[PDB]
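As provided, data-v4.cif (mmCIF, C-alpha atoms) reads as follows.
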data_input
loop_
_atom_site.label_atom_id
_atom_site.label_comp_id
_atom_site.auth_asym_id
_atom_site.auth_seq_id
_atom_site.Cartn_x
_atom_site.Cartn_y
_atom_site.Cartn_z
CA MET A 1 169.94 -128.31 38.75
CA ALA A 2 170.40 -126.01 35.82
CA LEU A 3 173.66 -126.30 33.93
CA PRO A 4 174.46 -122.73 32.90
CA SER A 5 176.79 -120.84 35.24
CA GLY A 6 178.84 -117.65 35.41
CA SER A 7 177.78 -114.26 34.08
CA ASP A 8 174.30 -113.56 32.70
CA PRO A 9 174.07 -113.50 28.90
CA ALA A 10 173.79 -110.01 27.42
CA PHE A 11 170.38 -108.50 26.66
CA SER A 12 169.51 -107.85 23.00
CA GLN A 13 167.17 -105.03 24.05
CA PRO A 14 168.21 -101.74 25.70
CA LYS A 15 167.53 -101.41 29.42
CA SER A 16 165.16 -98.46 28.88
CA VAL A 17 163.05 -100.61 26.53
CA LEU A 18 162.94 -103.46 29.07
CA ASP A 19 162.07 -101.06 31.91
CA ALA A 20 159.28 -99.64 29.73
CA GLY A 21 157.71 -103.12 29.59
CA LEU A 22 157.37 -103.31 33.40
CA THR A 23 154.53 -101.75 35.42
CA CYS A 24 153.47 -102.02 39.07
CA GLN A 25 150.02 -101.20 40.43
CA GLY A 26 150.26 -97.86 42.28
CA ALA A 27 154.04 -98.10 42.67
CA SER A 28 157.37 -97.80 40.91
CA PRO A 29 159.53 -100.95 40.62
CA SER A 30 162.24 -98.74 42.22
CA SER A 31 160.27 -98.54 45.45
CA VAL A 32 157.78 -101.26 46.08
CA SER A 33 156.45 -103.25 49.05
CA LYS A 34 155.93 -106.99 48.60
CA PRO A 35 156.00 -107.12 44.79
CA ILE A 36 154.72 -110.12 42.84
CA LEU A 37 155.80 -110.43 39.21
CA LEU A 38 153.10 -111.58 36.81
CA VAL A 39 154.19 -113.03 33.44
CA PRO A 40 151.44 -113.21 30.76
CA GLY A 41 150.38 -115.81 28.20
CA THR A 42 150.83 -115.96 24.42
CA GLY A 43 148.75 -113.33 22.61
CA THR A 44 148.27 -111.06 25.65
CA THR A 45 149.70 -108.14 27.58
CA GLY A 46 150.09 -108.29 31.38
CA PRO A 47 146.78 -106.47 31.95
CA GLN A 48 144.99 -108.71 29.43
CA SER A 49 146.22 -111.85 31.20
CA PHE A 50 145.70 -110.66 34.78
CA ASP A 51 143.31 -107.65 35.14
CA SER A 52 140.40 -110.05 35.59
CA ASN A 53 142.19 -112.36 38.02
CA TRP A 54 145.62 -112.23 39.68
CA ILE A 55 146.04 -108.47 39.73
CA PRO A 56 143.09 -107.95 42.13
CA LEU A 57 143.56 -111.35 43.83
CA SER A 58 147.25 -110.79 44.67
CA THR A 59 146.40 -107.26 45.85
CA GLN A 60 143.85 -108.71 48.28
CA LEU A 61 146.56 -111.07 49.56
CA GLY A 62 148.76 -108.06 50.39
CA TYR A 63 151.09 -107.96 47.38
CA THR A 64 151.76 -105.15 44.95
CA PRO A 65 151.14 -106.79 41.56
CA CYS A 66 153.65 -105.96 38.84
CA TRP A 67 153.65 -107.28 35.27
CA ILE A 68 155.57 -107.27 32.04
CA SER A 69 154.09 -106.76 28.58
CA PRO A 70 156.68 -107.85 25.98
CA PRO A 71 155.55 -106.65 22.52
CA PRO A 72 153.70 -107.67 20.43
CA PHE A 73 151.43 -109.54 22.87
CA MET A 74 154.08 -112.18 23.78
CA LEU A 75 154.21 -113.29 20.12
CA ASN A 76 157.89 -112.48 19.52
CA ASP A 77 160.84 -114.66 20.38
CA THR A 78 160.44 -116.19 23.79
CA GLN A 79 164.09 -115.40 24.41
CA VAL A 80 163.37 -111.70 24.07
CA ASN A 81 160.22 -112.00 26.20
CA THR A 82 162.49 -113.46 28.89
CA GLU A 83 164.73 -110.34 28.87
CA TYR A 84 161.74 -108.38 30.16
CA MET A 85 161.25 -110.86 32.99
CA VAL A 86 164.94 -111.05 34.00
CA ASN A 87 165.27 -107.26 34.05
CA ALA A 88 162.03 -107.03 36.03
CA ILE A 89 163.30 -109.44 38.71
CA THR A 90 166.56 -107.48 38.98
CA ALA A 91 164.54 -104.26 39.35
CA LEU A 92 161.94 -105.58 41.79
CA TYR A 93 164.47 -107.36 44.01
CA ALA A 94 166.45 -104.13 44.42
CA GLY A 95 163.32 -101.94 44.58
CA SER A 96 161.91 -103.97 47.47
CA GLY A 97 165.16 -103.65 49.46
CA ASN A 98 166.96 -106.78 48.22
CA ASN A 99 164.09 -109.08 49.13
CA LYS A 100 163.18 -112.17 47.13
CA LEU A 101 159.84 -111.99 45.29
CA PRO A 102 157.33 -114.52 43.96
CA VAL A 103 156.67 -114.97 40.25
CA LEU A 104 153.20 -115.99 39.04
CA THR A 105 152.54 -116.95 35.43
CA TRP A 106 150.07 -118.16 32.81
CA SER A 107 150.82 -120.35 29.83
CA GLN A 108 154.02 -119.19 28.03
CA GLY A 109 154.79 -117.03 31.07
CA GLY A 110 155.84 -120.16 32.96
CA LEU A 111 158.14 -121.23 30.15
CA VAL A 112 159.60 -117.70 30.17
CA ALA A 113 160.14 -117.84 33.93
CA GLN A 114 161.86 -121.22 33.75
CA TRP A 115 163.94 -120.09 30.75
CA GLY A 116 165.08 -117.05 32.73
CA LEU A 117 165.97 -119.16 35.77
CA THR A 118 167.85 -121.67 33.58
CA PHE A 119 169.98 -119.24 31.57
CA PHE A 120 170.35 -116.15 33.78
CA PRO A 121 172.02 -117.32 37.02
CA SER A 122 171.75 -113.92 38.76
CA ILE A 123 167.98 -114.19 39.28
CA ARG A 124 168.08 -117.64 40.91
CA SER A 125 168.74 -116.02 44.30
CA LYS A 126 166.15 -113.28 43.71
CA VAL A 127 163.04 -115.34 42.94
CA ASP A 128 161.40 -116.66 46.10
CA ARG A 129 159.05 -119.11 44.39
CA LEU A 130 157.25 -119.77 41.11
CA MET A 131 153.49 -120.33 40.82
CA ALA A 132 152.83 -121.38 37.22
CA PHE A 133 149.34 -121.87 35.79
CA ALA A 134 149.15 -124.12 32.71
CA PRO A 135 152.83 -123.84 31.86
CA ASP A 136 154.19 -125.43 28.74
CA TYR A 137 157.73 -126.49 29.55
CA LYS A 138 157.59 -129.27 26.93
CA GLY A 139 155.58 -127.07 24.57
CA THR A 140 152.38 -128.42 23.05
CA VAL A 141 151.51 -131.00 20.39
CA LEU A 142 148.31 -129.14 19.48
CA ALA A 150 151.95 -122.43 6.99
CA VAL A 151 153.35 -119.52 9.02
CA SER A 152 153.05 -119.08 12.82
CA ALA A 153 154.15 -116.63 15.48
CA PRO A 154 157.81 -116.78 16.62
CA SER A 155 156.80 -117.87 20.14
CA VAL A 156 154.25 -120.38 18.79
CA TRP A 157 157.10 -122.16 16.96
CA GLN A 158 159.09 -122.16 20.16
CA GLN A 159 156.17 -123.62 22.13
CA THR A 160 155.65 -126.47 19.66
CA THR A 161 156.73 -129.83 21.07
CA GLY A 162 160.08 -130.79 19.55
CA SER A 163 161.14 -127.13 19.16
CA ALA A 164 164.77 -126.06 19.45
CA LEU A 165 163.76 -123.86 22.40
CA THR A 166 162.11 -126.64 24.43
CA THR A 167 165.05 -128.90 23.50
CA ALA A 168 167.53 -126.36 24.88
CA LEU A 169 165.53 -125.83 28.09
CA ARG A 170 165.47 -129.58 28.74
CA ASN A 171 169.13 -130.19 27.93
CA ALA A 172 170.27 -127.29 30.13
CA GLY A 173 168.43 -128.90 33.08
CA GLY A 174 165.29 -126.75 32.91
CA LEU A 175 162.73 -129.55 33.35
CA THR A 176 163.76 -129.76 37.00
CA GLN A 177 162.62 -126.93 39.30
CA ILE A 178 165.19 -124.23 40.02
CA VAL A 179 163.29 -122.37 42.75
CA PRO A 180 160.40 -123.83 44.79
CA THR A 181 157.71 -124.23 42.12
CA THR A 182 154.03 -125.10 41.97
CA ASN A 183 152.50 -126.04 38.61
CA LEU A 184 148.71 -126.04 38.37
CA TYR A 185 147.25 -127.56 35.22
CA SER A 186 144.37 -129.51 33.70
CA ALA A 187 144.11 -132.79 31.81
CA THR A 188 141.41 -131.14 29.70
CA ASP A 189 143.63 -128.24 28.58
CA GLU A 190 142.63 -127.52 24.96
CA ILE A 191 145.81 -125.51 24.19
CA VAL A 192 148.60 -127.42 25.96
CA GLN A 193 148.88 -131.21 25.56
CA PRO A 194 149.88 -133.79 26.67
CA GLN A 195 148.58 -133.09 30.18
CA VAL A 196 146.52 -136.22 30.89
CA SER A 197 148.89 -138.58 32.72
CA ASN A 198 149.41 -136.84 36.11
CA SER A 199 153.10 -137.68 35.64
CA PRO A 200 156.44 -136.45 34.12
CA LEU A 201 154.88 -136.93 30.66
CA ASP A 202 152.80 -133.78 31.22
CA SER A 203 153.99 -130.53 29.67
CA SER A 204 153.38 -128.62 32.94
CA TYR A 205 155.46 -131.06 35.03
CA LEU A 206 158.77 -130.13 36.69
CA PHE A 207 160.89 -132.63 38.52
CA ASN A 208 160.89 -131.88 42.21
CA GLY A 209 158.10 -129.44 41.67
CA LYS A 210 154.68 -129.42 43.29
CA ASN A 211 152.78 -130.63 40.24
CA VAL A 212 149.04 -130.25 40.72
CA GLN A 213 146.88 -131.68 37.96
CA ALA A 214 143.35 -130.49 38.82
CA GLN A 215 141.83 -133.93 38.08
CA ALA A 216 144.19 -135.60 40.59
CA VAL A 217 142.50 -133.56 43.36
CA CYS A 218 139.02 -132.99 41.95
CA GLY A 219 138.42 -136.24 40.08
CA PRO A 220 138.93 -137.50 36.51
CA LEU A 221 135.81 -135.77 35.23
CA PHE A 222 136.54 -132.29 36.61
CA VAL A 223 136.81 -129.83 33.72
CA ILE A 224 138.71 -126.54 33.51
CA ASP A 225 140.30 -125.28 30.29
CA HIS A 226 143.53 -123.40 29.56
CA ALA A 227 142.11 -120.10 30.82
CA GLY A 228 140.22 -121.74 33.72
CA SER A 229 143.56 -123.14 34.86
CA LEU A 230 144.45 -119.52 35.71
CA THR A 231 141.09 -118.09 36.73
CA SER A 232 139.11 -120.75 38.64
CA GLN A 233 138.36 -120.73 42.37
CA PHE A 234 140.24 -124.02 42.62
CA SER A 235 143.24 -122.37 40.95
CA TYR A 236 142.96 -119.48 43.43
CA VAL A 237 143.04 -121.83 46.45
CA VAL A 238 146.15 -123.62 45.13
CA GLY A 239 147.83 -120.31 44.23
CA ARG A 240 147.07 -118.83 47.66
CA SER A 241 148.63 -121.93 49.27
CA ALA A 242 151.77 -121.68 47.14
CA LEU A 243 152.17 -117.97 47.91
CA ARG A 244 151.69 -118.35 51.67
CA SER A 245 153.63 -121.62 52.16
CA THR A 246 156.83 -121.74 54.21
CA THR A 247 158.18 -124.36 51.77
CA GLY A 248 157.59 -122.11 48.73
CA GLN A 249 155.25 -124.75 47.26
CA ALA A 250 151.50 -125.31 47.61
CA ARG A 251 150.64 -127.81 50.36
CA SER A 252 148.13 -130.67 49.88
CA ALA A 253 146.62 -130.00 53.32
CA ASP A 254 145.59 -126.49 52.18
CA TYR A 255 143.13 -127.67 49.50
CA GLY A 256 140.72 -130.51 48.78
CA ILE A 257 137.52 -131.72 47.10
CA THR A 258 135.43 -128.87 48.59
CA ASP A 259 137.64 -126.32 46.77
CA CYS A 260 136.84 -127.85 43.38
CA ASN A 261 134.94 -124.89 41.98
CA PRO A 262 135.62 -124.48 38.23
CA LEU A 263 134.04 -121.02 37.98
CA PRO A 264 136.10 -117.79 38.21
CA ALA A 265 137.51 -117.08 41.71
CA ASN A 266 134.79 -116.15 44.24
CA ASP A 267 136.40 -112.85 45.30
CA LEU A 268 136.37 -111.40 41.77
CA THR A 269 133.71 -108.78 40.99
CA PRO A 270 130.95 -109.82 38.55
CA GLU A 271 132.68 -107.72 35.86
CA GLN A 272 136.03 -109.42 36.55
CA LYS A 273 134.35 -112.85 36.46
CA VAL A 274 132.87 -112.15 33.00
CA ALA A 275 136.26 -110.91 31.73
CA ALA A 276 138.05 -113.92 33.28
CA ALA A 277 135.69 -116.33 31.51
CA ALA A 278 136.47 -114.59 28.20
CA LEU A 279 140.23 -114.54 28.76
CA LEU A 280 141.22 -116.57 25.69
CA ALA A 281 139.35 -114.56 23.03
CA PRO A 282 141.66 -111.50 22.86
CA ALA A 283 144.67 -113.86 22.77
CA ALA A 284 143.34 -115.73 19.72
CA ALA A 285 142.66 -112.39 18.00
CA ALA A 286 146.22 -111.15 18.65
CA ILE A 287 147.68 -114.41 17.30
CA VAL A 288 145.56 -114.11 14.11
CA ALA A 289 146.73 -110.54 13.46
CA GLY A 290 150.34 -110.85 14.69
CA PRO A 291 153.78 -111.68 13.26
CA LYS A 292 154.07 -115.07 11.54
CA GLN A 293 156.95 -116.99 9.96
CA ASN A 294 157.74 -120.42 8.48
CA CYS A 295 160.64 -121.31 10.79
CA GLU A 296 161.58 -121.32 14.47
CA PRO A 297 163.56 -118.26 15.62
CA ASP A 298 167.29 -118.86 16.03
CA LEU A 299 168.51 -119.70 19.51
CA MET A 300 170.63 -117.06 21.17
CA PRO A 301 174.31 -118.04 21.66
CA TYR A 302 173.81 -118.96 25.33
CA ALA A 303 171.20 -121.59 24.44
CA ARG A 304 172.64 -123.09 21.26
CA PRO A 305 175.01 -125.59 22.95
CA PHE A 306 171.93 -127.31 24.34
CA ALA A 307 170.14 -127.93 21.03
CA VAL A 308 172.83 -128.92 18.59
CA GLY A 309 171.23 -130.69 15.64
CA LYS A 310 167.93 -128.80 15.76
CA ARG A 311 166.82 -126.63 12.83
CA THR A 312 165.94 -122.96 13.19
CA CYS A 313 165.53 -120.16 10.60
CA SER A 314 169.28 -119.86 9.87
CA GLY A 315 169.67 -123.63 9.56
CA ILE A 316 170.82 -126.52 11.65
CA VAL A 317 172.41 -125.68 14.97
CA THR A 318 176.10 -126.66 15.04
CA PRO A 319 178.47 -126.95 17.95
CA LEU A 320 179.57 -123.56 19.35
CA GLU A 321 183.21 -122.80 19.99
#
Translate this file's structure into structure tokens.
Amino acid sequence: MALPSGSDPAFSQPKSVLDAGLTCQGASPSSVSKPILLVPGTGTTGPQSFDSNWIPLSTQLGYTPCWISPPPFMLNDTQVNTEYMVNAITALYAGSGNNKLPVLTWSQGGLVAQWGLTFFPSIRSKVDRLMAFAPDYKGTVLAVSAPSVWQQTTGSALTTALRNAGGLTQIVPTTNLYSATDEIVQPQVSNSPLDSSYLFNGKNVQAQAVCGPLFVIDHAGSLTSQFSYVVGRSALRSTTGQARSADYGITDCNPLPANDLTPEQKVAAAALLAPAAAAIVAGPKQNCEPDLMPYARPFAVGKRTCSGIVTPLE
């Protein structure tokens, strides 16, 4: 149960700017059948995260894939990245005739989704389910860095605020698929609430818990693998809004890119991380964590951000 209530916080960005960050495949968000919102990882645009995987895969499952691309490559303040997602849900809910829609994410995208659900009450009734691949709700433990990299560092003011506002418990029916061998997000090894991808009451699927302790998929493989596809398909189709254990097993433990992808898509899916690392190298960097927006500050009093130590808010 998330703590924030009442009106949504204001957006810092103009609506036209937020709208500009949203695209659907062969459709307008104003008029779309069975949309799915895809939220990308750090260092990528929507197409860079999903062209080689969930865009074609969700299409083949009968959805219209839509995505956001917060600039620059999800490297700015995670709070701003979230504005794009919240606006997108508002748009896609209305544009599909006031019908709930699923949200599917990679990496930071899951944190963004959960942040949005925690602090923007209006979208809680508009998101049908969340399917998060390698999310980093507790950040990661792995001299200037990107704004959103600060925020995704374990111990950050942002992850502190998410936790203290109730965001480590699922808000909509949620499936989290992740890997103990994740080379970007740790800790992920315990198959328990210690894991960064874990949400209380969520369907938390550590790949090694199903496939065995020596099964290996990395941060990108968590999104792209055939195993990941089978879990994702289950979560999307399920009447409970969560993946079901009966829908997948040891025979689905294929670590290679999803079977239904074209050879070209498979190659691109395998190389998913490279453009992200390049964007991070070349992107904005600073020596402090971005300030929390007013709505989040009450939940991280005592933490230090760029402007200083967060104090109680009247």
>> Going by the chain IDs and residue numbers used in this file, which residues fall under the PyMOL selection byres ((chain A and resi 87-92) around 10)? Write them as a ChimeraX atom specification.
In response: /A:11,15,18-19,21-24,28-37,66-68,82-86,93-103,116,122-124,126-127
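Going from CA of residue 261 (chain A) over to CA of residue 73 (chain A), you cover 29.5 Å.
Put simply, the PyMOL selection byres ((chain A and resi 187-204) around 8) in this file takes in residues 134, 135, 136, 137, 138, 139, 140, 141, 142, 183, 184, 185, 186, 205, 206, 207, 211, 213, 214, 215, 216, 223, 224, 225 and 226 of chain A.
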>> Can you pull out the residues contacting residue 49 (chain A)? Cut-off 9 Å, using only C-alpha atoms, and skip same-chain residues under 2 positions away; I want them as a PyMOL selection string.
In response: chain A and resi 38-41+44-47+51-54+106+276+279-280+283
Would you save the residues of that selection, restricted to C-alpha atoms, as a tab-separated table (two decimals), in the coordinates of the input?
chain	number	residue	atom	x	y	z
A	38	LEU	CA	153.10	-111.58	36.81
A	39	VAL	CA	154.19	-113.03	33.44
A	40	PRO	CA	151.44	-113.21	30.76
A	41	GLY	CA	150.38	-115.81	28.20
A	44	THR	CA	148.27	-111.06	25.65
A	45	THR	CA	149.70	-108.14	27.58
A	46	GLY	CA	150.09	-108.29	31.38
A	47	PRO	CA	146.78	-106.47	31.95
A	51	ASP	CA	143.31	-107.65	35.14
A	52	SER	CA	140.40	-110.05	35.59
A	53	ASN	CA	142.19	-112.36	38.02
A	54	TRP	CA	145.62	-112.23	39.68
A	106	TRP	CA	150.07	-118.16	32.81
A	276	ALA	CA	138.05	-113.92	33.28
A	279	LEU	CA	140.23	-114.54	28.76
A	280	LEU	CA	141.22	-116.57	25.69
A	283	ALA	CA	144.67	-113.86	22.77
> A:128, A:77, A:259, A:267: which is nearest residue 179 (chain A), counting only C-alpha atoms?
Replying inline: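 Using only C-alpha atoms, residue 179 (chain A) sits closest to A:128.
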